[PDB]
Protein chains: 4
Amino acid sequence: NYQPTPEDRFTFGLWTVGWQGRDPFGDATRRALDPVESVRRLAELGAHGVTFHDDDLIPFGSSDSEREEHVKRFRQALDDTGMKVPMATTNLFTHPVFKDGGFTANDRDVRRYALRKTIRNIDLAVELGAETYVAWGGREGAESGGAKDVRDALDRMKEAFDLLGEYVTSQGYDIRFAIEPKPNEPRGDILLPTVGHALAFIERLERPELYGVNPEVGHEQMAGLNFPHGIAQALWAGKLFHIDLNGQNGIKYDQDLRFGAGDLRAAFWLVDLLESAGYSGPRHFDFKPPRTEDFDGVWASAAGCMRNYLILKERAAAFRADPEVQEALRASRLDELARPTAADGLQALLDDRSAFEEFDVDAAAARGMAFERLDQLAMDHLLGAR
Amino acid sequence: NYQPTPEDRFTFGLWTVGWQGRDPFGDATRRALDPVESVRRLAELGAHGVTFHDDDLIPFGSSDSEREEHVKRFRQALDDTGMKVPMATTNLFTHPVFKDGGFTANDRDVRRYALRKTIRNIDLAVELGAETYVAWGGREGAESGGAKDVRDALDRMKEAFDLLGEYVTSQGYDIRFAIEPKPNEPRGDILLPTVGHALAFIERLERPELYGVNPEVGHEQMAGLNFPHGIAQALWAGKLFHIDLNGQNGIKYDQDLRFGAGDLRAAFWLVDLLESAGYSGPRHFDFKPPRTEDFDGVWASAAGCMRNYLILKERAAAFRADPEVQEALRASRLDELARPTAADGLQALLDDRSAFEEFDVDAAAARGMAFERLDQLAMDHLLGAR
Amino acid sequence: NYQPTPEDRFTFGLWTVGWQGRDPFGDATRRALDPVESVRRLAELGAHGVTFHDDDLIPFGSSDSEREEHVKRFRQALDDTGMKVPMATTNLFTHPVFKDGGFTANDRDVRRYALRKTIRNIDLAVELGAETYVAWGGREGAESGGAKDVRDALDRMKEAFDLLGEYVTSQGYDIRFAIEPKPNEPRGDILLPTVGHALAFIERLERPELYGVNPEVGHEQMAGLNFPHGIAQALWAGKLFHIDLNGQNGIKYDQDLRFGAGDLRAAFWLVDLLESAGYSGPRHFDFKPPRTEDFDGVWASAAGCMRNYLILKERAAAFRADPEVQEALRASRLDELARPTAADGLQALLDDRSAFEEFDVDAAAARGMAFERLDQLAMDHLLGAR
Amino acid sequence: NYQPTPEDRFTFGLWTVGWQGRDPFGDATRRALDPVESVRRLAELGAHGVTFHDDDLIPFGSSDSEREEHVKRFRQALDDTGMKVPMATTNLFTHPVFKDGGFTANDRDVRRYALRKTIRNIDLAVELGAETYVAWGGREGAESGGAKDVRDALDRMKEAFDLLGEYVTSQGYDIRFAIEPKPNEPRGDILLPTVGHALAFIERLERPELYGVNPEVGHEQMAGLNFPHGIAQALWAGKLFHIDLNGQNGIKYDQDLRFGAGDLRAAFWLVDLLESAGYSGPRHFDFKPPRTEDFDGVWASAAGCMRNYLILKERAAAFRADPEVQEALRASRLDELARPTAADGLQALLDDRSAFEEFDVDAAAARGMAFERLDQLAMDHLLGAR
Ligand SMILES: [Mg+2]
Ligand SMILES: [Mg+2]
Ligand SMILES: [Mg+2]
Ligand SMILES: [Mg+2]
Ligand SMILES: [Mn+2]
Ligand SMILES: [Mn+2]
Ligand SMILES: [Mn+2]
Ligand SMILES: [Mn+2]
């Protein structure tokens with residue numbers, strides 16, 4: 001029942017199931033996982049692929065010989081399991097050298113080192129077959145107002161992404177970039193805090209068609225925002241290159257709960273949106289098994305990520321296929337929302353007396369929207385009450 | 001001391017000082033103000049101009065004769081006082097007909113009526129000399145997930161703004177549009193919730209150069225966002241057409257407190273940003289005198305808006321002019337943040353061994369940012385402790 | 001399917017279904033309801049009773065003759081339908097005279113008038129058979145720090161409730177008081193913001209056994225708090241006299257959505273808690289049908305309140321009755337949580353070497369909590385996936 | 001200027017200035033501090049004393065010989081500097097054994113070990129002369145609803161504190177307990193989330209007079225609550241045994257910024273409250289120097305904690321001493337708030353026709369509160385504009 005298959009495009013970061021359980025007030029509760037182990041267990045659970053930071057796969061400071069050995073180890077695990085590597089990313093946040101950021105660090109030499117660290121992992125990602133390269137600028141920001149001129153930081157961020165886009169085109173690489181927004185933590189405020197801010201920044205890049213967003217469920221909910229609404233605007237702009245699925249209980253620290261947890265109804269409306277729009281990218285889970293769990297609970301949490309998506313997918317499909325729902329959507333004039341407001345043109349609208357001079361404003365105002373019956377129908381479908 | 005002059009570009013909405021004090025749980029505590037009265041008292045306080053919704057100046061449903069009479073009344077008050085009208089806007093949120101929105105209402109005929117209501121107030125705004133026309137889509141949104149397909153709503157929102165831009169260019173009007181974002185209230189979630197979302201939406205319009213943002217202090221703080229950071233990104237994109245100043249105490253209902261209230265330090269960093277960047281638009285206060293006040297408290301609150309800006313302007317100017325601060329900014333490498341990361345080019349950065357192979361990552365990591373001394377210097381300057 | 005009966009103890013405020021749809025940015029979208037009408041339609045839907053503010057039933061300023069007429073009208077509707085009146089309350093927030101509060105208004109004469117308004121509605125509530133009298137101090141608070149000395153306000157709040165408790169005991173009335181907390185709105189900060197603050201204040205009253213709490217789902221979620229946790233502490237103290245059920249989407253304005261909306265999983269854990277603990281009070285819905293609805297949507301929303309509780313009640317009962325869940329609860333040591341930590345006493349614990357000197361801290365640390373499998377089992381039960 | 005002296009009662013935790021800068025997404029940026037070093041540098045800065053977790057002073061797992069050596073080292077540093085130890089606490093949150101809590105862990109044997117770990121540090125705290133013992137139950141809580149029965153957990157929490165109170169009285173120790181609330185992080189929801197919840201729980205203990213609260217500025221602001229209001233209720237109940245001062249920027253992760261940062265106006269109203277009420281306990285700073293700082297920035301941040309309190313103390317004292325402010329306080333009827341509402345008694349209030357039958361409700365409603373002029377006067381005083 002609700003069994004994931006590799007064709008479901010479910011992917012996991014090595015840092016997700018491999019999280020040793022270390023939070024700001026406690027030490028690790030689980031031993032480190034061999035990346036080869038994680039690929040094997042995730043393949044057994046029905047996952048389609050894995051993703052990685054450079055430091056997840058190759059320990060920081062490894063020589064060129066150990067690096068090659070670590071990649072050959074990893075490559076063999078992908079060959080033996082049939083697991084893909086659809087996206088890769090850079091760790092520009094863990095080492096103390098990135099404490100003021102990577103691409104927008106105040107120190108110029110740290111910025112230049114951040115670009116070199118990203119570039120050689122882009123080579124590795126392409127060699128592993130990744131189609132998307134994600135950038136989470138978790139250290140780009142500030143705790144105080146004077147520590148960062150945001151206009152200058154935005155110049156340095158545009159410079160870095162323009163240089164990366166110049167690298168991939170000059171190399172012929174078939175890879176696109178996905179900015180992952182986050183409003184805060186670990187910095188007090190992070191640059192490009194939401195999906196909207198990231199989408200606007202992309203329009204100022206040299207080659208905007210190379211860049212999209214990788215939104216995370218919990219990150220937009222850390223700002224109290226409606227995540228399905230943000231995804232819809234990302235899809236509307238044609239910039240949903242990638243997605244991060246997890247759960248979050250409102251505005252607080254980044255929980256990274258398994259998908260389906262947190263705001264359950266928002267997860268239902270997101271799956272309904274992703275499936276109706278025909279999203280064909282990876283279903284990526286950027287989550288953390290709670291440090292209360294042993295390794296059996298780690299794999300149970302990862303399986304719950306995939307199970308919860310499949311249950312919600314079934315409930316959303318039954319919701320849209322219901323003739324009572326389809327009739328209710330017409331009763332709320334969802335069909336009129338899709339119709340153009342003034343396809344007849346500006347001049348016709350200006351001479352249309354039925355639009356103003358002879359508009360019965362009270363008859364229109366008295367028309368109920370019937371949203372509550374429609375929403376209860378969605379609730380019945382989500383809960384399996386019909 | 002800290003006396004505003006009309007050259008300070010301080011402006012107020014008629015709906016601000018004219019707010020009768022009616023909240024969702026109580027009736028009005030103040031009588032309605034004659035718009036002529038509001039223009040006279042605000043001019044006496046040192047304000048530079050006023051702004052208005054169409055329904056603030058002309059009562060809804062007024063005939064073409066009373067409309068002209070109401071405008072002639074208003075025009076005479078501007079002539080007798082020297083008060084400008086730099087921005088105007090439309091009330092597409094009060095009447096019950098807009099309960100599901102205006103530009104993105106599900107009913108098509110309400111959308112068409114919303115455009116006609118906006119267009120004829122654009123004519124009046126141009127006749128009154130307004131340079132900016134603001135759109136706050138307070139009713140564009142939903143309380144439930146199925147009530148609104150956001151992709152379709154974004155098509156209807158783009159259609160409306162494209163038609164308005166087509167009207168003003170075909171008429172030769174010298175006026176620009178400023179979208180005012182708000183994350184929620186009165187709707188459960190409002191479309192284009194933050195400055196970033198509005199900036200990204202503008203890049204998909206037919207003539208993006210006609211559209212900017214009118215951010216409000218409290219609205220971005222309703223999402224826990226750093227308002228000075230959002231303004232900097234709006235300035236970075238060259239889209240800060242207008243600004244709304246007020247105060248807000250964190251994530252809750254839209255308080256619309258007087259400017260300087262709420263987050264005082266964030267107000268200091270905003271004034272510092274607005275003045276250093278050379279912002280030359282109106283300093284507009286979209287605030288509400290608390291309903292506990294009589295009319296004497298209304299004018300005291302409005303005066304406090306202008307006083308608080310002038311105090312913060314002086315403290316920010318003394319902050320930047322301090323040689324100890326200038327030396328501290330260099331100690332934190334703010335000068336290096338403004339320097340290009342790789343002006344030598346991609347190829348030079350790739351062959352630069354000092355950027356990676358020979359980068360002393362521990363020496364760079366051990367370099368303190370000295371942000372705390374810089375921030376305490378800003379705190380001393382704000383508090384007048386130096 | 002999921003049909004409410006009067007024995008389900010479902011109750012509604014007259015102000016809930018009777019909300020005309022007036023928010024801070026719009027006018028009413030529905031006509032006023034006759035209280036007799038509301039009693040009839042709610043009885044047809046399966047509700048058990050209604051509740052009321054004094055101003056909901058008797059218009060403010062009504063003479064002693066119209067007052068009696070309004071009550072006789074209402075009494076006849078209760079007799080014809082079999083509808084109870086389990087709780088009543090006072091409107092100390094709508095009239096402009098309460099703009100600085102009622103029990104803790106700065107003006108003494110307004111405080112004294114607030115007590116007289118409450119007392120004569122206590123008489124009416126007893127005559128109508130109410131067992132609980134609710135106090136929501138929505139206007140007790142401040143927007144600025146100097147406007148209210150909170151220690152003095154807490155003295156005035158204790159004085160008011162002590163006087164009310166002195167009235168009901170001297171009259172022999174069989175009625176108890178329930179304080180309904182709310183963190184903010186309409187005031188910037190409201191006194192006694194959460195369930196905890198109200199519970200602590202009750203312990204300082206003259207006769208604490210006369211006072212309990214009436215928590216609301218959305219109000220505690222306006223502070224980001226876990227509502228099931230707060231109810232458990234209220235039950236733990238034996239002070240859950242009454243409950244307000246609705247929905248809320250995180251930290252924002254008081255949405256008052258229908259129950260089941262907002263945080264669906266938190267609604268499931270609340271119903272599970274209320275039923276397992278044997279809560280026998282009224283299931284009261286303090287909600288607002290969205291102003292987008294006509295009167296048909298009003299009754300659909302009210303029916304959804306009752307339906308959603310019954311669905312969640314069934315899913316929670318199936319959850320606790322599942323042997324796999326019962327075995328999982330033991331695997332997570334929920335049975336050990338209920339066992340006393342040191343029933344052997346302090347001296348025995350001090351001499352117990354197995355508790356410290358010989359405690360294998362690493363063997364205990366390596367024991368997984370198995371919380372994720374338990375939570376996924378709860379998720380399957382909520383979604384009807386088992 | 002604004003120089004702290006030991007008589008200012010300023011104290012710091014060893015874990016504050018000693019924080020190595022390790023957050024959930026990065027490694028340490030500073031070496032560990034010798035506790036002897038921290039006592040020396042803090043004494044040079046003008047601090048009055050230090051506080052400690054048991055694991056801050058004695059490394060976890062130390063033998064009885066190294067333990068005594070570590071204490072003798074520490075004792076010598078206190079003797080050479082004149083530094084006090086006013087409060088101590090237990091680390092029941094760092095070791096993996098506490099991953100499900102200490103006093104309310106599901107496993108009984110972990111609960112018993114948590115009590116033994118606390119008890120022997122109570123002995124050490126008394127030997128070092130601490131008057132207050134703080135308990136922060138950072139691990140008492142849950143991430144999911146079924147993982148913890150809160151009623152059972154509250155029984156286990158009451159059992160633990162009753163046993164600790166039984167230990168200190170049976171030993172003749174002169175020490176009191178202060179519960180430090182926190183709404184969340186590291187757990188999804190923490191038991192006793194706010195000051196109110198902790199105050200209510202104390203009233204159910206066996207000897208409530210032994211227990212108070214140790215509120216933290218940022219923790220109550222993590223729930224959007226007004227911290228000065230919470231302190232006033234703690235003072236009103238006579239339970240402000242201790243206080244934690246820091247800064248926090250709204251609802252997000254626990255920032256632990258230096259005091260004065262975050263919400264500056266709320267810091268002003270807190271100092272004004274603490275000084276007017278005559279609070280004589282330690283001024284304790286539970287803060288974290290940002291990991292961007294080296295050790296020079298650590299001591300600059302700690303000095304800023306003390307400086308900011310002294311500046312705010314001066315501005316608040318000048319505020320209350322201003323005759324214009326005193327006259328404004330009377331204009332807003334703050335003197336009437338302190339007057340009893342019905343000192344004449346219930347019977348007199350019932351027969352007082354001027355309180356109801358003859359109360360001019362419109363004349364009272366028309367009286368302005370004059371709160372805005374009072375607040376602007378406070379703003380001028382805070383900013384040094386008068
Ligand atoms: Mg992510
Ligand atoms: Mg505005
Ligand atoms: Mg309620
Ligand atoms: Mg603390
Ligand atoms: Mn995350
Ligand atoms: Mn606003
Ligand atoms: Mn409510
Ligand atoms: Mn903290």
Side-chain angles (χ1 to χ4, degrees), chain A residues 11-13 15-16 51 53 87 89 93 134-138 178-182 185 213-220 222 242-246 248 254-256 259 284-288, chain B residues 11-13 15-16 25 51 53 87 89 93 134-138 178-182 185 190 213-220 222 242-246 248 254-256 259 284-288, chain C residues 11-13 15-16 25 51 53 87 89 93 134-138 178-182 185 190 213-220 222 242-246 248 254-256 259 284-288, chain D residues 25:
Chain A
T11 66
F12 291 89
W15 70 91
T16 66
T51 66
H53 301 84
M87 167 271 300
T89 179
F93 53 82
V134 156
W136 171 54
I179 295 170
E180 172 182 353
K182 187 181 195 187
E185 197 203 44
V213 295
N214 177 49
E216 182 172 304
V217 172
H219 289 179
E220 306 292 311
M222 291 179 72
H242 199 272
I243 189 72
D244 275 5
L245 306 166
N246 59 7
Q248 167 81 17
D254 191 22
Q255 288 202 287
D256 283 350
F259 180 71
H284 186 250
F285 299 108
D286 188 359
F287 88 108
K288 260 96 146 172
Chain B
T11 66
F12 291 89
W15 70 91
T16 66
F25 304 93
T51 66
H53 301 84
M87 167 271 300
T89 179
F93 53 82
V134 156
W136 171 54
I179 295 170
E180 172 182 353
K182 187 181 195 187
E185 197 203 44
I190 297 179
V213 295
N214 177 49
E216 182 172 304
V217 172
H219 289 179
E220 306 292 311
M222 291 179 72
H242 199 272
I243 189 72
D244 275 5
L245 306 166
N246 59 7
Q248 167 81 17
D254 191 22
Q255 288 202 287
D256 283 350
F259 180 71
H284 186 250
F285 299 108
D286 188 359
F287 88 108
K288 260 96 146 172
Chain C
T11 66
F12 291 89
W15 70 91
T16 66
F25 304 93
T51 66
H53 301 84
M87 167 271 300
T89 179
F93 53 82
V134 156
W136 171 54
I179 295 170
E180 172 182 353
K182 187 181 195 187
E185 197 203 44
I190 297 179
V213 295
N214 177 49
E216 182 172 304
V217 172
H219 289 179
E220 306 292 311
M222 291 179 72
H242 199 272
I243 189 72
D244 275 5
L245 306 166
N246 59 7
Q248 167 81 17
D254 191 22
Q255 288 202 287
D256 283 350
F259 180 71
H284 186 250
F285 299 108
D286 188 359
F287 88 108
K288 260 96 146 172
Chain D
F25 304 93

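In the text below, chain A, chain B and the rest are named by the order of the sequence lines, each starting its count at 1. Just the heavy atoms: all of them, side chains too, but no hydrogens, waters or symmetry mates, feed the values below. Counting convention: from 1, in listed order, for ligands and their atoms alike.
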Matching residue for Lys182(B) among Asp254(B), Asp256(B), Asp244(B) - test: salt bridge (charged side-chain N to carboxylate O under 4.0 Å, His left out): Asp254(B)
Angle subtended at the Mg ion (ligand 3) by OD2 of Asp244(C) and OE2 of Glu180(C), nearest 10°: 110°
Exam field: side chain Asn246(C) to backbone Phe259(C), donor-acceptor pair closer than 3.5 Å: no
OE1 (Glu216(B)) to the Mg ion (ligand 2) to OD2 (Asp286(B)) angle, given to the nearest 10 degrees: 90°
Residues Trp15(C) and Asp286(C): side-chain donor-acceptor under 3.5 angstrom: yes
Student check: side-chain heavy atoms of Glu216(C) and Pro181(C) closer than 4.5 Å: no
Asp256(B) near the Mg ion (ligand 2) via N/O/S, less than 2.8 Å: no
